[PDB]
Amino acid sequence: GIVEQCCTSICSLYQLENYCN
Amino acid sequence: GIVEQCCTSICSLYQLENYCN
Amino acid sequence: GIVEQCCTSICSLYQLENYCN
Amino acid sequence: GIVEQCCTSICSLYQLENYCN
Amino acid sequence: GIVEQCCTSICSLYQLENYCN
Amino acid sequence: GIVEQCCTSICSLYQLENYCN
Amino acid sequence: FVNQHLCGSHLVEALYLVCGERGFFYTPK
Amino acid sequence: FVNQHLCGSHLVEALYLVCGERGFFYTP
Amino acid sequence: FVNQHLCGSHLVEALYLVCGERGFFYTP
Amino acid sequence: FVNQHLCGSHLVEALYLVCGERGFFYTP
Amino acid sequence: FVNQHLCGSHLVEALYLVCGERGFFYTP
Amino acid sequence: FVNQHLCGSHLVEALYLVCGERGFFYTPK
Ligand SMILES: Oc1cccc(O)c1
Ligand SMILES: Oc1cccc(O)c1
Ligand SMILES: Oc1cccc(O)c1
Ligand SMILES: Oc1cccc(O)c1
Ligand SMILES: Oc1cccc(O)c1
Ligand SMILES: Oc1cccc(O)c1
Ligand SMILES: Oc1cccc(O)c1
Ligand SMILES: Oc1cccc(O)c1
Ligand SMILES: [Cl-]
Ligand SMILES: [Cl-]
Ligand SMILES: [Cl-]
Ligand SMILES: [Cl-]
Ligand SMILES: [Cl-]
Ligand SMILES: [Zn+2]
Ligand SMILES: [Zn+2]
C-alpha cells in the first residue's frame, strides 16, 4: 500500500495524487 | 507577500510553487 | 460532515472516532 | 520514560494517556 | 496561563521558554 | 548544507539561525 | 482567512492518530 | 516500526494538501 | 473553542523546540 | 540521524491531543 | 499576529512539500 | 527509509519558529 510505496522511497505529489478520491 | 496572498484565501499547490527556488 | 461538526466546537476523540473506517 | 517506551515501538493513544496530567 | 499570554498575541520562543521544566 | 549538517546530528537553535534571512 | 483549511490539517492528523490501523476517510468538499 | 508510524503522519498531510477538495481515504 | 485548540497544538510544538532536553509542562 | 528528536516531536503532538484539558509534562 | 503565525506554519510545510529538492525562500 | 524527507519537514518548521520575522532560505543539497 501507500506506506510500502511512499515510506521506502519519496513519492512525488503526482504519485500521491493517485490516492485521492 | 505570501502571507497576504495565501493566508487570506487558500493558495493552490500551483500558486505555492511560485515561491520555490 | 467533519468540518461542520468539528471546526467551531472541539470534537473529542470519541467524536473523531466516528470518522474512522 | 516516554521516549524509551514509545520511540522504540509504537504507543497507542490509549497507551500515551498514561503520561497525561 | 500560556493560552492567555500566547494565543491572543505572538509569544517569542524566549517568552515560551518560561514554560520549560 | 542544512540537510547534511542537521539531519545527521541535531542542530542547535543557533546553528539553525544561520539559515534565517 | 484560511481557518477551515487550517482546521482540516489538524483534523486529518487527529484522525490518523485516533484511527490507528483502521484508517479513515476524509470526505470531499 | 515507529519509522512507519511517523512516515504515515506525513503522508496524510501530503494527501490532505494534494487532494484538496477531492478528499481521500487513508487505508494503511 | 477550536481556535484555542489549534493555538495550543502549535504552542506545544514551539515548547518542544525551545525547551530541548528540559522538556516542559503544558497546562491549558 | 535525528530519530529521537523527530519521534519526540510527534509524541508531544499525540500527548496534546489525547490529554486535552488535562495537559501533560514532557520530560525526555 | 497569531493567525498569520499559525497560517505561516502551514504555509512552510506546504512549500516544503511542493518545492521538493528545489527548496524555497520564505519571507513574512 | 525516507529519512531525509521527514527530517527536512521538521527542519523547515524549526527554521520558521527560530527565524520569526526574518524568514529563511531553505536550500537543500
Ligand atoms: O514519500 C513521502 C512520504 C511522506 C510524505 C511525503 O510527502 C512523501
Ligand atoms: O493558502 C494556504 C495557507 C496555508 C497552507 C496552504 O497549503 C495554503
Ligand atoms: O475539533 C477538532 C479540530 C481539529 C483537531 C481536533 O483534534 C479537534
Ligand atoms: O509511539 C509513538 C511515537 C510518536 C508518536 C506517536 O503517536 C506514537
Ligand atoms: O504565540 C504563539 C502561539 C502558537 C505558537 C507559537 O510559536 C507562538
Ligand atoms: O537538527 C534538527 C533537525 C530537525 C529539526 C530540528 O529542530 C533540528
Ligand atoms: O516541535 C518542533 C518544532 C520544530 C521542529 C521539530 O522537529 C519539532
Ligand atoms: O471542549 C472540549 C471538548 C473536547 C476536547 C477538549 O480538549 C475540549
Ligand atoms: Cl480556508
Ligand atoms: Cl492552525
Ligand atoms: Cl536525535
Ligand atoms: Cl529521503
Ligand atoms: Cl518524522
Ligand atoms: Zn495549525
Ligand atoms: Zn515527522
# chains A, B, ... in the order shown; residues from 1 in each chain; ligands from 1

$ residues_near_ligand --ligand "ligand 1" --cutoff "6 Å" --atoms "only C-alpha atoms and all ligand atoms" --output "number ranges by chain"
A: 6-7, 9-11; H: 7, 10-11, 14; K: 17

$ residues_around --residues "residue F:4" --least-positions-apart "6" --cutoff "10 Å" --atoms "only C-alpha atoms" --output "ChimeraX atom specification"
/J:1 /L:4,28-29

$ residues_near_ligand --ligand "ligand 13" --cutoff "10 Å" --atoms "only C-alpha atoms and all ligand atoms" --output "mmCIF file with N, CA, C and O atoms, in the first residue's frame"
data_model
loop_
_atom_site.group_PDB
_atom_site.id
_atom_site.type_symbol
_atom_site.label_atom_id
_atom_site.label_comp_id
_atom_site.auth_asym_id
_atom_site.auth_seq_id
_atom_site.Cartn_x
_atom_site.Cartn_y
_atom_site.Cartn_z
ATOM 1 N N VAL H 2 8.155 2.572 14.503
ATOM 2 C CA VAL H 2 7.868 4.000 14.717
ATOM 3 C C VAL H 2 8.158 4.760 13.430
ATOM 4 O O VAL H 2 7.439 5.683 13.087
ATOM 5 N N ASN H 3 9.215 4.280 12.798
ATOM 6 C CA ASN H 3 9.506 4.881 11.494
ATOM 7 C C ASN H 3 8.278 5.025 10.608
ATOM 8 O O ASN H 3 7.987 6.116 10.099
ATOM 9 N N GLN H 4 7.566 3.915 10.424
ATOM 10 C CA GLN H 4 6.422 3.863 9.523
ATOM 11 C C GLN H 4 5.249 4.672 10.078
ATOM 12 O O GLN H 4 4.501 5.291 9.331
ATOM 13 N N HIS H 5 5.110 4.659 11.394
ATOM 14 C CA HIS H 5 4.072 5.455 12.038
ATOM 15 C C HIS H 5 4.283 6.946 11.743
ATOM 16 O O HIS H 5 3.332 7.672 11.386
ATOM 17 N N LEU H 6 5.532 7.402 11.881
ATOM 18 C CA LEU H 6 5.854 8.820 11.639
ATOM 19 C C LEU H 6 5.724 9.180 10.158
ATOM 20 O O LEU H 6 5.190 10.245 9.809
ATOM 21 N N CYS H 7 6.188 8.293 9.285
ATOM 22 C CA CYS H 7 6.035 8.491 7.846
ATOM 23 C C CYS H 7 4.556 8.648 7.486
ATOM 24 O O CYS H 7 4.172 9.582 6.765
ATOM 25 N N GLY H 8 3.716 7.793 8.079
ATOM 26 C CA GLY H 8 2.270 7.873 7.857
ATOM 27 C C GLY H 8 1.686 9.232 8.216
ATOM 28 O O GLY H 8 0.849 9.745 7.482
ATOM 29 N N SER H 9 2.134 9.814 9.330
ATOM 30 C CA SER H 9 1.674 11.147 9.761
ATOM 31 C C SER H 9 1.935 12.159 8.641
ATOM 32 O O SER H 9 1.079 12.980 8.292
ATOM 33 N N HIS H 10 3.131 12.091 8.077
ATOM 34 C CA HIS H 10 3.474 12.996 6.969
ATOM 35 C C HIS H 10 2.715 12.700 5.690
ATOM 36 O O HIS H 10 2.322 13.627 4.975
ATOM 37 N N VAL J 2 18.550 12.099 13.219
ATOM 38 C CA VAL J 2 17.877 12.691 14.369
ATOM 39 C C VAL J 2 16.544 12.003 14.643
ATOM 40 O O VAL J 2 15.496 12.648 14.675
ATOM 41 N N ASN J 3 16.591 10.689 14.839
ATOM 42 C CA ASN J 3 15.382 9.900 15.038
ATOM 43 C C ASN J 3 14.633 10.302 16.305
ATOM 44 O O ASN J 3 13.432 10.565 16.271
ATOM 45 N N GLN J 4 15.353 10.346 17.421
ATOM 46 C CA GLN J 4 14.734 10.578 18.723
ATOM 47 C C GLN J 4 14.094 11.962 18.770
ATOM 48 O O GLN J 4 12.992 12.146 19.334
ATOM 49 N N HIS J 5 14.766 12.936 18.153
ATOM 50 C CA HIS J 5 14.210 14.285 18.080
ATOM 51 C C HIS J 5 12.910 14.307 17.296
ATOM 52 O O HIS J 5 11.947 14.984 17.698
ATOM 53 N N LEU J 6 12.878 13.588 16.178
ATOM 54 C CA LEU J 6 11.666 13.548 15.346
ATOM 55 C C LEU J 6 10.536 12.792 16.068
ATOM 56 O O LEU J 6 9.380 13.224 16.052
ATOM 57 N N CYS J 7 10.883 11.686 16.711
ATOM 58 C CA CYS J 7 9.884 10.921 17.485
ATOM 59 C C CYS J 7 9.234 11.828 18.535
ATOM 60 O O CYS J 7 8.003 11.919 18.610
ATOM 61 N N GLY J 8 10.066 12.527 19.314
ATOM 62 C CA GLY J 8 9.574 13.414 20.378
ATOM 63 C C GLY J 8 8.609 14.452 19.858
ATOM 64 O O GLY J 8 7.601 14.765 20.543
ATOM 65 N N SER J 9 8.922 14.993 18.666
ATOM 66 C CA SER J 9 8.059 15.992 18.050
ATOM 67 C C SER J 9 6.666 15.424 17.909
ATOM 68 O O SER J 9 5.694 16.072 18.255
ATOM 69 N N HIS J 10 6.576 14.194 17.425
ATOM 70 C CA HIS J 10 5.284 13.549 17.250
ATOM 71 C C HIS J 10 4.618 13.110 18.538
ATOM 72 O O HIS J 10 3.392 13.226 18.667
ATOM 73 N N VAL L 2 12.634 7.054 4.005
ATOM 74 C CA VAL L 2 12.620 8.496 3.638
ATOM 75 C C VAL L 2 13.111 9.434 4.755
ATOM 76 O O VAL L 2 12.485 10.466 5.063
ATOM 77 N N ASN L 3 14.255 9.095 5.333
ATOM 78 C CA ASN L 3 14.768 9.802 6.500
ATOM 79 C C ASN L 3 14.926 11.279 6.254
ATOM 80 O O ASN L 3 14.501 12.105 7.072
ATOM 81 N N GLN L 4 15.573 11.611 5.147
ATOM 82 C CA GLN L 4 15.924 12.999 4.925
ATOM 83 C C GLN L 4 14.687 13.797 4.628
ATOM 84 O O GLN L 4 14.583 14.938 5.056
ATOM 85 N N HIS L 5 13.743 13.180 3.907
ATOM 86 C CA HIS L 5 12.467 13.860 3.647
ATOM 87 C C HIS L 5 11.736 14.266 4.938
ATOM 88 O O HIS L 5 11.255 15.412 5.060
ATOM 89 N N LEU L 6 11.615 13.329 5.881
ATOM 90 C CA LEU L 6 10.870 13.624 7.114
ATOM 91 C C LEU L 6 11.664 14.613 7.953
ATOM 92 O O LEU L 6 11.087 15.540 8.537
ATOM 93 N N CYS L 7 12.987 14.438 8.011
ATOM 94 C CA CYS L 7 13.852 15.408 8.703
ATOM 95 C C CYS L 7 13.651 16.838 8.173
ATOM 96 O O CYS L 7 13.455 17.790 8.958
ATOM 97 N N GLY L 8 13.659 16.967 6.847
ATOM 98 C CA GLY L 8 13.558 18.288 6.199
ATOM 99 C C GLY L 8 12.264 18.984 6.582
ATOM 100 O O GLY L 8 12.256 20.196 6.809
ATOM 101 N N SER L 9 11.187 18.205 6.691
ATOM 102 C CA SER L 9 9.864 18.738 7.080
ATOM 103 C C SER L 9 9.939 19.409 8.468
ATOM 104 O O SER L 9 9.381 20.480 8.706
ATOM 105 N N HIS L 10 10.663 18.774 9.379
ATOM 106 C CA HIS L 10 10.863 19.348 10.695
ATOM 107 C C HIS L 10 11.865 20.488 10.707
ATOM 108 O O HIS L 10 11.733 21.428 11.517
#

$ closest_residue --among "L:1, L:13, L:27, L:19" --to "chain I" --atoms "only C-alpha atoms"
L:13

$ interface_residues --of "chain D" --to "chain I" --cutoff "12 Å" --atoms "only C-alpha atoms" --output "VMD selection string"
chain D and resid 2 to 3 19 to 21

$ select_by_dssp --residues "chain L" --states "alpha helix (DSSP H)" --output "VMD selection string"
chain L and resid 3 to 19

$ write_last_selection --atoms "N, CA, C and O atoms" --output "mmCIF file, in the first residue's frame"
data_model
loop_
_atom_site.group_PDB
_atom_site.id
_atom_site.type_symbol
_atom_site.label_atom_id
_atom_site.label_comp_id
_atom_site.auth_asym_id
_atom_site.auth_seq_id
_atom_site.Cartn_x
_atom_site.Cartn_y
_atom_site.Cartn_z
ATOM 1 N N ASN L 3 14.255 9.095 5.333
ATOM 2 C CA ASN L 3 14.768 9.802 6.500
ATOM 3 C C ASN L 3 14.926 11.279 6.254
ATOM 4 O O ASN L 3 14.501 12.105 7.072
ATOM 5 N N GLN L 4 15.573 11.611 5.147
ATOM 6 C CA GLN L 4 15.924 12.999 4.925
ATOM 7 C C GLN L 4 14.687 13.797 4.628
ATOM 8 O O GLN L 4 14.583 14.938 5.056
ATOM 9 N N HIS L 5 13.743 13.180 3.907
ATOM 10 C CA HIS L 5 12.467 13.860 3.647
ATOM 11 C C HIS L 5 11.736 14.266 4.938
ATOM 12 O O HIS L 5 11.255 15.412 5.060
ATOM 13 N N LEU L 6 11.615 13.329 5.881
ATOM 14 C CA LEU L 6 10.870 13.624 7.114
ATOM 15 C C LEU L 6 11.664 14.613 7.953
ATOM 16 O O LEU L 6 11.087 15.540 8.537
ATOM 17 N N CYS L 7 12.987 14.438 8.011
ATOM 18 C CA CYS L 7 13.852 15.408 8.703
ATOM 19 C C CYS L 7 13.651 16.838 8.173
ATOM 20 O O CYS L 7 13.455 17.790 8.958
ATOM 21 N N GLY L 8 13.659 16.967 6.847
ATOM 22 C CA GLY L 8 13.558 18.288 6.199
ATOM 23 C C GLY L 8 12.264 18.984 6.582
ATOM 24 O O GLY L 8 12.256 20.196 6.809
ATOM 25 N N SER L 9 11.187 18.205 6.691
ATOM 26 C CA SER L 9 9.864 18.738 7.080
ATOM 27 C C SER L 9 9.939 19.409 8.468
ATOM 28 O O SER L 9 9.381 20.480 8.706
ATOM 29 N N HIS L 10 10.663 18.774 9.379
ATOM 30 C CA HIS L 10 10.863 19.348 10.695
ATOM 31 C C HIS L 10 11.865 20.488 10.707
ATOM 32 O O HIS L 10 11.733 21.428 11.517
ATOM 33 N N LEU L 11 12.875 20.407 9.845
ATOM 34 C CA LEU L 11 13.882 21.461 9.772
ATOM 35 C C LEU L 11 13.196 22.763 9.410
ATOM 36 O O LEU L 11 13.422 23.794 10.042
ATOM 37 N N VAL L 12 12.305 22.711 8.425
ATOM 38 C CA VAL L 12 11.640 23.922 7.984
ATOM 39 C C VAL L 12 10.679 24.454 9.047
ATOM 40 O O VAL L 12 10.536 25.642 9.168
ATOM 41 N N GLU L 13 10.046 23.579 9.838
ATOM 42 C CA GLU L 13 9.205 24.108 10.903
ATOM 43 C C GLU L 13 10.074 24.777 11.973
ATOM 44 O O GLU L 13 9.752 25.825 12.527
ATOM 45 N N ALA L 14 11.217 24.175 12.273
ATOM 46 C CA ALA L 14 12.121 24.807 13.208
ATOM 47 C C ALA L 14 12.645 26.163 12.711
ATOM 48 O O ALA L 14 12.679 27.107 13.480
ATOM 49 N N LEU L 15 13.059 26.237 11.447
ATOM 50 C CA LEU L 15 13.539 27.495 10.856
ATOM 51 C C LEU L 15 12.434 28.547 10.950
ATOM 52 O O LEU L 15 12.681 29.697 11.315
ATOM 53 N N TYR L 16 11.223 28.162 10.595
ATOM 54 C CA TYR L 16 10.078 29.066 10.711
ATOM 55 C C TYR L 16 9.988 29.703 12.097
ATOM 56 O O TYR L 16 9.878 30.925 12.220
ATOM 57 N N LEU L 17 10.047 28.868 13.138
ATOM 58 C CA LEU L 17 9.910 29.329 14.507
ATOM 59 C C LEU L 17 11.103 30.132 15.008
ATOM 60 O O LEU L 17 10.920 31.154 15.678
ATOM 61 N N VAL L 18 12.311 29.714 14.637
ATOM 62 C CA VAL L 18 13.533 30.333 15.150
ATOM 63 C C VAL L 18 13.727 31.694 14.452
ATOM 64 O O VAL L 18 14.122 32.714 15.083
ATOM 65 N N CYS L 19 13.415 31.719 13.159
ATOM 66 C CA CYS L 19 13.703 32.916 12.331
ATOM 67 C C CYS L 19 12.674 34.021 12.481
ATOM 68 O O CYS L 19 13.004 35.193 12.297
#

$ decode --residues "chain D" --atoms "C-alpha atoms" --output "PDB file, in the first residue's frame"
ATOM      1  CA  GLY D   1      10.349   7.166  30.294  1.00  0.00           C
ATOM      2  CA  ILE D   2       8.099   8.010  27.370  1.00  0.00           C
ATOM      3  CA  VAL D   3      10.926   8.087  24.779  1.00  0.00           C
ATOM      4  CA  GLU D   4      12.320   4.668  25.774  1.00  0.00           C
ATOM      5  CA  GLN D   5       8.755   3.309  25.799  1.00  0.00           C
ATOM      6  CA  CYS D   6       7.271   4.867  22.672  1.00  0.00           C
ATOM      7  CA  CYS D   7      10.109   5.684  20.238  1.00  0.00           C
ATOM      8  CA  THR D   8      11.157   2.040  20.101  1.00  0.00           C
ATOM      9  CA  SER D   9       7.719   0.508  19.436  1.00  0.00           C
ATOM     10  CA  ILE D  10       4.513   2.375  18.620  1.00  0.00           C
ATOM     11  CA  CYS D  11       2.413   3.548  21.574  1.00  0.00           C
ATOM     12  CA  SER D  12      -1.333   3.763  21.003  1.00  0.00           C
ATOM     13  CA  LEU D  13      -3.172   6.921  22.056  1.00  0.00           C
ATOM     14  CA  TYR D  14      -4.573   4.866  24.943  1.00  0.00           C
ATOM     15  CA  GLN D  15      -1.030   3.956  25.997  1.00  0.00           C
ATOM     16  CA  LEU D  16       0.076   7.603  25.730  1.00  0.00           C
ATOM     17  CA  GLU D  17      -2.770   8.606  28.081  1.00  0.00           C
ATOM     18  CA  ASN D  18      -0.563   7.350  30.994  1.00  0.00           C
ATOM     19  CA  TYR D  19       1.701  10.307  30.506  1.00  0.00           C
ATOM     20  CA  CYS D  20      -1.125  12.851  30.775  1.00  0.00           C
ATOM     21  CA  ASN D  21      -1.631  15.131  33.777  1.00  0.00           C
TER      22      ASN D  21
END
